[PDB]
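I have placed the structure first, in the form of structure tokens, so that the comments after it can refer back to it.
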Amino acid sequence: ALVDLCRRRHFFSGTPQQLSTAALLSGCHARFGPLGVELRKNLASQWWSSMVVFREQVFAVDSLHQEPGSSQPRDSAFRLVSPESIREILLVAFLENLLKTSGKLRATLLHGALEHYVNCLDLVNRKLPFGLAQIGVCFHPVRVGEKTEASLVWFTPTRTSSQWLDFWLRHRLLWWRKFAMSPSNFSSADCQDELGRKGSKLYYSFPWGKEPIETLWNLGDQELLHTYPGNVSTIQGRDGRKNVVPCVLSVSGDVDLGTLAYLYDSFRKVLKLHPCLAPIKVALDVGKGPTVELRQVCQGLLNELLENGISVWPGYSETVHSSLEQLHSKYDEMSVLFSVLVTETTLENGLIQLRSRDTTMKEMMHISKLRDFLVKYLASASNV
Amino acid sequence: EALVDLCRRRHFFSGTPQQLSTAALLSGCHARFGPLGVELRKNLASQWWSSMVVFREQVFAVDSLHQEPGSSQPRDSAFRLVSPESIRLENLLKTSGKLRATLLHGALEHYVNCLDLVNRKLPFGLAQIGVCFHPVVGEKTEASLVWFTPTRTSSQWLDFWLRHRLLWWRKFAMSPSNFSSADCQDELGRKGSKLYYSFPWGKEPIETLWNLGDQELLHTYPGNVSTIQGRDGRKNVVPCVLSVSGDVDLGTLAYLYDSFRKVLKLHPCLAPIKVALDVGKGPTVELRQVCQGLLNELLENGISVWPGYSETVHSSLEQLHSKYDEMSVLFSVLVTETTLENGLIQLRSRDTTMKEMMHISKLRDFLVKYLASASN
Amino acid sequence: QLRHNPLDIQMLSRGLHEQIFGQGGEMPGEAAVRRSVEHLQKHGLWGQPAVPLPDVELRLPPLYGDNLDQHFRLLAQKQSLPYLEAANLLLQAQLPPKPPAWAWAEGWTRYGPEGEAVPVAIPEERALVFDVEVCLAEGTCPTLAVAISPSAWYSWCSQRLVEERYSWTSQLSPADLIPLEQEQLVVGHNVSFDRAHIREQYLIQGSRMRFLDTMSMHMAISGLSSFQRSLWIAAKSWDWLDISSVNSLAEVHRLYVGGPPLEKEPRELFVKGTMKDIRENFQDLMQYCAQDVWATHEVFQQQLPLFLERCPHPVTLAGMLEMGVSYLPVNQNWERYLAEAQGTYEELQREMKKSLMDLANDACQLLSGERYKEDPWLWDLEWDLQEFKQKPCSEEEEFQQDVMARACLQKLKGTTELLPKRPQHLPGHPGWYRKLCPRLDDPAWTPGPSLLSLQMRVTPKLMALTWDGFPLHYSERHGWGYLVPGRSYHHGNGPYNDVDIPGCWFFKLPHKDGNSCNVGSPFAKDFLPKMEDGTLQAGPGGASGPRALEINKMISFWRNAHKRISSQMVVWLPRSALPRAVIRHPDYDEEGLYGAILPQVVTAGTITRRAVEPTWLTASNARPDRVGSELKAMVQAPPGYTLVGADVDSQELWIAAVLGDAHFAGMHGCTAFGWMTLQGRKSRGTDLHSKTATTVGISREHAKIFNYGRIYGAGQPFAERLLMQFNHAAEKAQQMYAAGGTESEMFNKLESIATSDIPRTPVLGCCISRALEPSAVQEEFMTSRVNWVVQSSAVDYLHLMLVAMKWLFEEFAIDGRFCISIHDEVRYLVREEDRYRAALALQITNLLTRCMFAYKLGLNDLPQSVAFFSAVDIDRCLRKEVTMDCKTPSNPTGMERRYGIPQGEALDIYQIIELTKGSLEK
DNA sequence: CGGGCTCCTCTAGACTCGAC
DNA sequence: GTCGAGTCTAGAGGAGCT
Ligand SMILES: Nc1ccn([C@H]2C[C@H](O)[C@@H](COP(=O)(O)OP(=O)(O)OP(=O)(O)O)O2)c(=O)n1
Ligand SMILES: [Ca+2]
């Protein structure tokens, strides 16, 4: 199954009981190993580029994990209590003071973006529309569950709010289907907020059900209203020559759930993660002797590759020996794009044995051409 | 102008003036980095990640949960988590979870899995960048490398890591003399040393190396020694835990003080914004098309472009140049009407302030070469 | 056993004296004793009491012959007999004609008559004339070689030449060298270079093959001083031009043989080409190498008899043959030393380069508004500027907008027809700035002014260096200086009005060599005391200036020597080549590396016949503030071996003293200078070095320089310069030189030897070079000729020491071998079981050599003061002092901690006697 | 007249070769 | 054709040793 494959290849992490579907969705533990962390980092980096680097007027946002707290009844998030204050007492007044003054953990990134709205408003010269994007950890009760929510808060005038919502919906669907091995597994749906506001949700057809990996809401100016009860002039943005309080559009996703989706979609037992998402792209090993000189050659090649941003797995440093087919199967499980083998013939004429995961067909390439070929392949995968 | 005022002006800093005080900045209880500051911190984190994991043999990533198990240790001062619905007191200290104060606990929890990944072959390390919570609640982004040295070479690897950390911190610095190290011991008499940066108020320990023993690893594993005994050479040896912890929030503050006409001479591999694009007189449409094409070409290569052609506010060349200087923009590209005729664009460098012409075909290659050779 | 001379000087122990000189002898007579007593009374040395040193009794080896001179002659004849026999084979041999075409096989090829090419394993000849050609591109590895032997022509082709591969191992091994090997004589023009590429020369155990050098014999016979080679090249009294030439092979050939001029390949493909060029131009290169070998053999034919005519004593050749077999062992810590020294050098270079480049970048901003004309440091640079020379949107809408912009960009990327072929190098930067930056197409390009350094002529202007309140300025005629404005109120090296800077006076910086020399860079080590004194200061202030000078001092040796040290041809022995002692020793590292470096010493590479070497004879001693100074300490004996060695105490001082005493009377201490030399001890701080060091107030190492300079033709200018430097005066110099005098007899003896018709060394009678004899030069180069008398007597001392040490090592079967001999030191790699035997052998060798120096002069005795070494070091790494720890900037924890090398022991004669029971046998 | 060497970097100069 | 960039080569000063 996929759970065993991801756990044994360090994509998943934790105890076998923590590998349950409910435990994975809750996020009450470290559910991703080093390869899972690398894959999630690649997914976050691709999201950042697609929606903050290659986008117009979208800026970085990073805020505190804690919140000031307002003792609202709906605030079910956990509270921060100082151990010294408890130890000083060691009861109604203490509990009232805790519920009144203890800060709570953030459940969504929307409020942090709304707090950061003013400075980013000044940065863009108050020119609407503009967006705020953030990737961070959000805390929700199951102990406490943590989700690596990646959300974009788009500030748009009242005009073209639904148009911008549909634009974002189609762009998010395209972005999620860009890396998808089976893009039909991603589906959008219509939904309505509890307050009657319209919105949309993005599913992924997991084997158990269509979990919402991303949700869109037309929240409007109500949220901006409370976060700023002061003067309107510090709230309203500029739309052309007019001034209007922007409508807040919430576009929030889950890169932990998205990473699980891309682990299920990208599934001998071989993962076929997109080249822009794969954690390990080149595997460098070594054949027979002379080991001392072939290891120097591999060290030079590895130093050349790492200087150009290509992630490499130094398989040549492992003293454990095994057949080449087992190594190739292991690399396929770890989603290695290309496996490079340096042999005696490499010293004589510079030819190395290059294997592609997608074809299982071998090739002979000169040493000097390996870096250029890898860079060209990665660029072609990224652009298309 | 003061450094804090300039960084707040150019969005390296955030918060209210009361939060821009030295004590407030050192506390970490509030969001202190603006957009450019967050980008600079991400650049510093990426440089640390590359130098300590990508180019380091057998150093691996790890991601730990923000909360430690809720054990009733009297010495712990970490804030506790309480569910408001349970309220709507001894049990809180008895079982409620606590926010982590250091990344060492997560590294020790993941020590077994990383042993399995490396075939238990010592030496090896765990590296992590993440938020650690300290009572003051203050939050610090700790970049910690926990190196499991075999007991035979504890001091040798400790000295090597101290030298490597000092070199890494000095590499990006305009004044390597400000970074210094001094040997120190803790309450239990453990050997170690602390790196410092000579802030205008005094040395701050941006990085500390502690020569822990096997006791710190036995704390999280009160069981069979065979499950935690690494494979050093031929004989199984319980590793010597070194805690190389570096604060990248205080590190970014140190580099903002170190870099600082008013110009932030940030390292080319640290600066948030590297290329700025502009426009000429006319025609506007063709210049905008050229700028859009050039910007799309630059972004695909991995160069952080700042589009200044889309700015509606008119500004003179001097104001634009000073603005790009304070934001630590490496190069400013100007596309004029002459570009449509022969492809020549005027390029300005932050380091020298000298303006030179270059054909539009060679710009991307020059920028890639400059950024690649600036790292070495 | 106590003995005293007529002058109450304690002489050699009776037991030793009766064996060295024997019972009997001739007393100097009453008249000589009266002379010496009056001379000592005049200088007040007669009444001083002498502290008796403990008696020494030894069973010395039985000296051969009727006396000591016969003993040394017999030793040297036995040593160098086979190599004179092999050398005479080449003089009388006739060579068959050179083959029309050379072979292209692997290994050695033997060319018989008519060009018959036969492959062989080794030349297998007692006498060879050798030349090795090395492709510099492929690193330090032999490419091809040509050998001349009686009735054969030999050629050797490397596997890296015949076979083509992408890469070869960068670590050299014996399997990658020239197999060339009961004694055998191999002759070359620079035979050290040809020796370094032989695989049999790197074995730890010694080998009998000895190497003779044609340029060594050229320097011995008709060598030229460095002041003479300059004049000889400029031209090409002057009667010496016809009997001398530079050590180049063609220059020597046109002199000794004088046939058709020798031809060389104009392209120089071995130094300025790749392996493909050599494989395609193979025949020309092989022919031009065979031509060089033939020229070398023809020169040797005329050089061998003349050297034996001018250097008749067998000791000279027997020592020259032994001085060319130096051998330095290393281990895996050599590679770590190279890596750490290079890393520290790069770190400090980057630390200084950051500041230098920051100053350069902050300097170019003065171009705007022409503010450089006001800068007191940069107003003289080039500030020119070069012109540039010439010959929501819809998805479909957004896609079209992207495509149109991309096509618009692509349109201009094709407008390169107006672009000049040669890319202009930074037209927009100032003139001085372009030279500081490498061109964009440079394979080694690095952003910013990466070429800037402290040695450049702009740095002292960029750093705004200031000497006592005045900005530094450079004059092409007078070197560095400073501009005192006001144009005479400043006292210094005098305002040179040649510069004629408007309104300023150019005062040269004070220099250690006086106002005759010009300052090259203000970052010299001499200015660090002036930097800390507050005279030399940097414009940015703070510690930037002092830190720059400290970094420059730390890396200055490595800056000049990293090319040599890194390129030292280290050959790492495999496990099969190491001796059993290294394998079985407890300190042996099974996963370590062991090898050796053969110094490329060209023995007698000086008119004084001193050996010279590019690196090892000039390697800096380990210092706590020098990067890479632990170089000699990295020469670490293998497991189971120790570096037993010793240093001669006041070698040339005592040689001059004994010469002056013998010229005066047949005793020791006849002259005041000799008495001062004898009555002293280094351990008590009363030797002739410290005796004057305390008087003037300098260190012992500076006392050596002061005394030796004063002895060797200092004259009045040197003394007056020293007096001015120490006391800011020729009358005091006259008084010093006057104090008939203390050293008058030594000077008289030296001038009598020098002005003789054929000057010769007093001990062994080796003649001076033909270019310095009075017949060739009428009273020219007098200081070089008089200094040659003592300095070549020191080489005779070294030859005697080498002969005696080899005799003792071979007779008593000491398992040690010669390691290296700097101009007065003799380091021997000795196995641990024989370290004390080696120490006793060194002490006995010094005793015998001092006694021979006395005997050849007719003194027939030796004092107890100078009879033995102060102490014989027994160390595991080659270092100056056994107790010294390096703690260099590239090695801060020291040899004890990092490399794990303990301290050694410096043992005097009595401890060695107690340990060995006064016997060398086991 | 301190000697006797070794090598390095830095810079001025004459020479060669290509480009418009 | 004339200009301008590479390319050795010579000398000078500094830094090691003895
Ligand atoms: N400035 C110098 C230094 C040395 N020498 C010569 C004279 C010495 O005999 C020989 C060896 O140098 P040392 O440094 O060993 O001089 P000493 O032998 O006098 O030193 P020590 O008595 O400590 O052995 O080199 C010289 O002529 N001028
Ligand atoms: Ca000496």
Side-chain angles (χ1 to χ4, degrees), chain C residues 219 223 225-230 233-234 268 272 386 389-391 420-425 435 439 451 453-459 474 476-480 511-514 516-527 552-553 555-565 567 600-602 604-621 623 626 628-629 631-632 647-648 651-652 701 704-719 721-722 780-792 794-795 798 821-825 880:
Chain C
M219 292 299 306
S225 177
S226 291
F227 184 74
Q228 283 190 346
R229 299 185 205 182
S230 169
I233 292 188
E268 303 177 0
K272 301 178 180 180
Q386 295 183 354
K389 298 180 180 182
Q390 297 169 284
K391 291 181 179 180
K421 185 177 182 298
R422 272 285 186 173
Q424 211 168 2
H425 174 66
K435 307 187 301 183
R439 284 182 154 77
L451 300 187
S453 68
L454 290 173
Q455 282 72 55
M456 284 208 168
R457 210 155 294 181
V458 299
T459 294
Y474 193 102
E476 298 286 340
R477 176 175 171 83
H478 305 285
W480 276 108
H511 194 241
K512 65 173 186 176
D513 294 338
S516 58
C517 297
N518 301 341
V519 196
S521 59
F523 305 106
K525 308 183 315 178
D526 175 61
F527 288 87
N552 182 35
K553 283 189 56 181
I555 71 182
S556 191
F557 162 76
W558 192 257
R559 178 197 302 113
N560 303 339
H562 70 277
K563 195 177 183 179
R564 301 179 248 179
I565 295 168
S567 310
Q600 294 169 359
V601 277
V602 41
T606 307
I607 64 178
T608 65
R609 300 179 297 112
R610 277 192 175 191
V612 287
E613 214 271 359
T615 306
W616 290 114
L617 295 200
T618 84
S620 175
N621 302 328
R623 278 175 57 105
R626 204 202 298 286
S629 66
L631 168 61
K632 285 200 302 181
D647 182 8
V648 186
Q651 188 185 38
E652 292 185 16
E701 275 62 29
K704 302 180 187 182
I705 297 182
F706 171 58
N707 272 324
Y708 283 123
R710 184 180 56 83
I711 287 189
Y712 291 155
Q716 313 298 334
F718 187 83
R721 287 198 304 101
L722 281 192
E780 291 289 345
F781 321 105
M782 187 55 59
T783 54
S784 170
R785 290 156 62 187
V786 299
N787 179 34
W788 172 91
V789 183
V790 193
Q791 193 159 329
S792 187
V795 188
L798 174 54
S821 64
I822 330 188
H823 308 126
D824 84 329
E825 311 174 12
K880 184 177 179 298

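In what follows, every chain begins at residue 1, and chains take the letters A, B, ... in the order their sequences are listed.
Look at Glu825(C) and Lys880(C) and you find no salt bridge, because none of the NZ, NE, NH1 or NH2 atoms lies under 4.0 Å from a carboxylate O.
Close to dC5(D), at under 4.0 Å from its OP1 or OP2, lies no side-chain N or O of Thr606(C). Phosphate proximity of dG16(E) to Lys525(C): present, with a side-chain N or O under 4.0 Å from OP1 or OP2. Contact annotation: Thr618(C) side-chain N/O to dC7(D) OP1/OP2 distance is not under 4.0 Å. At the phosphate of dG14(E), OP1 or OP2 sits under 4.0 Å from a side-chain N or O atom of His511(C). Close to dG16(E), at under 4.0 Å from its OP1 or OP2, lies no side-chain N or O of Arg623(C). A close approach under 4.0 Å does occur between a side-chain nitrogen or oxygen of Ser226(C) and OP1 or OP2 of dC5(D). Close to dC7(D), at under 4.0 Å from its OP1 or OP2, lies no side-chain N or O of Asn560(C). OP1 or OP2 of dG6(E) lies within a sub-4.0 Å distance of a side-chain N or O belonging to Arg439(C).
Counting non-hydrogen atoms under 4.0 angstrom, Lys704(C) reaches nothing in the nucleic acid.
Taken together, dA10(E) and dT11(D) do not qualify as a Watson-Crick or G-U wobble pair under the 3.5 Å criterion applied to both distances.
For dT6(D), the torsion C1'-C2'-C3'-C4' is above zero, which places the sugar in the north, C3'-endo range. From the dihedral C1'-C2'-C3'-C4', which is positive here, one reads the pucker of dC5(D) as north, toward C3'-endo. A negative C1'-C2'-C3'-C4' dihedral is found for the sugar of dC15(D), placing it in the south range.
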Quiz item: Can you give one letter per nucleotide of nucleotides 11-20 of chain D, going 5' to 3': B for a protein heavy atom under 4.0 Å from the base, S for sugar-phosphate only, - for none?
Solution: SS------SS
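Inspection of the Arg623(C) and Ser629(C) side chains reveals no N or O donor paired with an N or O acceptor under 3.5 Å.
Of the residues in residues 608-616 of chain C, those with a non-hydrogen atom less than 4.0 angstrom from any atom of DNA chain E are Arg610(C).
Rounded to an integer number of Å, the gap from CZ of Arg229(C) to P of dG4(D) is 11 Å.
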Polar atom pairs (N or O), protein with nucleotides 1-4 of chain E, under 3.5 Å:
none

